[PDB]
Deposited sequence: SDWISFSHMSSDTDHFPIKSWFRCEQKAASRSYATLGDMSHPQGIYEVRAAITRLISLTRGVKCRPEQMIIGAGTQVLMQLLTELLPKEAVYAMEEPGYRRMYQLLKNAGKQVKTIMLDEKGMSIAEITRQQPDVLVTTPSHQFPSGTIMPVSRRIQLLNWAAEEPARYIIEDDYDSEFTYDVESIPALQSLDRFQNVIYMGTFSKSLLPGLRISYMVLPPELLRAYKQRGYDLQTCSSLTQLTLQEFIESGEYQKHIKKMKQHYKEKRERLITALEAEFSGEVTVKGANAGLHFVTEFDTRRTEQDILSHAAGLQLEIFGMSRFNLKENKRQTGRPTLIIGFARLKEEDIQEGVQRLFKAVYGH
């Protein structure tokens, strides 16, 4: 099987410093072996939380203390916990299109979920004003899946909405925030907030490996107060993985890895986009390519979205359609992930994509 992946759900393994990660694991183990016989602190190991706290403060401008952070064996399990801290009758609002898994979670939890359309600045403040939700779920760095980078002006507008009335919350899902392309980084919503109505959520799945299972979220003082009154929660993220992450960060291996990958991802994205317009002779529209590890491609073709997806499968091309992210009409659109995609598979994979779309 000679498969080529344009999947957004896969990550890079070719350039991941797996030997350094293991060497960090050995060092952390031989240093904190005796602690492995006990269960971790429910919020996660303090030193690990402190290591992440410093990191996100530098890279995203996030203001927090380690006592506010909770780890974190996946965004969903943390989101599950978060819904139980927020008001039970809270009305949730998600981006349309958006993360369907998180949508289905909220629906299955008996919560009312409203869908918010997007403009060129991302999540529409006009629609939020109209539908009047309680909790916002947004992806500022790189809108999942449209890829729109929410500008500061829109970020300020959401912050104002949350601040002008009591019991309003913003869940900043800062997924896929490590990378931008020929545009500058923008501070997180949580950092621009003059108050404390933002829950910041992050993950290491795209910067490290998705199989590692480490996420985190930062609670506002009152929500943190509600969490501590539980007293029955147990840490879900592995202790070995926590201590390995701490060493990986503090040894400087993480920053060294990120520095290497921004250049790698920049070059690969450039080649892929160049190859796309070359093969399609400019008959492909690329959207949301200024950040993240995926972008969107629309096609002027007589074929439907599943006809394309079907042919791609027969051509051994792993790809997903944009209708996957509909929560609640025009040219067919696909999502193109280039994290796992090997550089040598670019020209071949783009040729296979052409056949899946046009036929020949």
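In this entry, the deposited residues absent from the coordinate set occupy a single span, 329 to 333.
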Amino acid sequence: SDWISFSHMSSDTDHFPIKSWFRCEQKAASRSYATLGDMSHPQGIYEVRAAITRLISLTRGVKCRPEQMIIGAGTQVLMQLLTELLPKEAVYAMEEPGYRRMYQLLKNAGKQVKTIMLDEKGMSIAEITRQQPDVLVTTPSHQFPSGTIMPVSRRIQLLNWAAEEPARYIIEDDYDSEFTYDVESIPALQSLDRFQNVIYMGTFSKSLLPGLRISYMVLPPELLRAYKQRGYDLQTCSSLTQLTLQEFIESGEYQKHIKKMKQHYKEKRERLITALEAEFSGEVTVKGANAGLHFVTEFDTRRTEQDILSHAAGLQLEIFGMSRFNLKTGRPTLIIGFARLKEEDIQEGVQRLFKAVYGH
From here on, numbers count along this sequence of modelled residues.
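If you average the C-alpha B-factors over 123 to 131 and over 284 to 292, the higher value belongs to 123 to 131. For the pair 236 to 244 and 104 to 112, the mean Cα B-factor is higher in 104 to 112. Per the PDB entry, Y181 shows the highest C-alpha temperature factor of the residues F204, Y181, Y99, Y200. Residues shown: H41, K27, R54, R303. Highest C-alpha temperature factor in the entry: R303.
Per the PDB record, residue ranking by Cα B-factor puts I335 in the lowest third of the chain. Ranked against the other modelled residues of its chain, the C-alpha B-factor of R23 as given in the entry falls in the lowest third. Looking at the C-alpha B-factors along this chain, the one for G61 belongs to the lowest third. Among all modelled residues in this chain, the alpha-carbon of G72 has a temperature factor (C-alpha) in the middle third. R324 sits in the middle third of its chain by CA B factor, as recorded in the PDB entry.
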